[PDB]
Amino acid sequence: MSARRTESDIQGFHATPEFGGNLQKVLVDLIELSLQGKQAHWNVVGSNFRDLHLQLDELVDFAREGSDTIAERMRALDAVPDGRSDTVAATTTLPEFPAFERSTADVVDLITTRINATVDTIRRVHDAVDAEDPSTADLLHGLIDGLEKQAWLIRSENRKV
């Protein structure tokens, strides 16, 4: 017991209310993106349907794993996520996805915009998150990298060169 601490209770790192709020912002936009991605996945029609149909599911998988990561990171830091439908709809920054069947061209533009909005949220909170807890900023970097890759993989369809 030469260097052994003798405390009965050793408490964990707790997130500030600001930090909790910042992760909550990321969470709702990740959930909204997952819901919009599925909507697009189902309703996309037209030239190169299959590629887009498939890529949109990969986007959804990533955004879902991301939302679970953020929410559980909140839990680890003694914060409380709210991923309920009403909260997501009321607080998401993503422009609304339109109803009905949409062409592959339209879906490419729509989804690129919504991914970019999501990435913007993460980029906006990044410095405040990093200042308080660099380990959480690393989770943000994974999200930024993965989502920006998805945006490139989707938007390239509409590029005329």
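Start at 1 and count along the sequence shown; that's the residue number.
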Subject >> Of 108 to 116 and 93 to 101, the one with larger mean CA B-factor >> reply: 93 to 101
Subject >> Of 126 to 134 and 26 to 34, the one with larger mean CA B-factor >> reply: 126 to 134
Original post:
Hey, what third does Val88 fall into on Cα B-factor, ranked over its chain?
Top reply: lowest
**OP:** For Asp51, return the chain-relative third of its C-alpha B-factor as stated in the PDB record: lowest, middle or highest.
**Re:** lowest
Subject >> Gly142 - which third its CA temperature factor falls in, relative to the rest of the chain >> reply: lowest
**OP:** Quick one: classify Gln39 as lowest, middle or highest third of the chain based on its Cα B-factor.
**Re:** middle
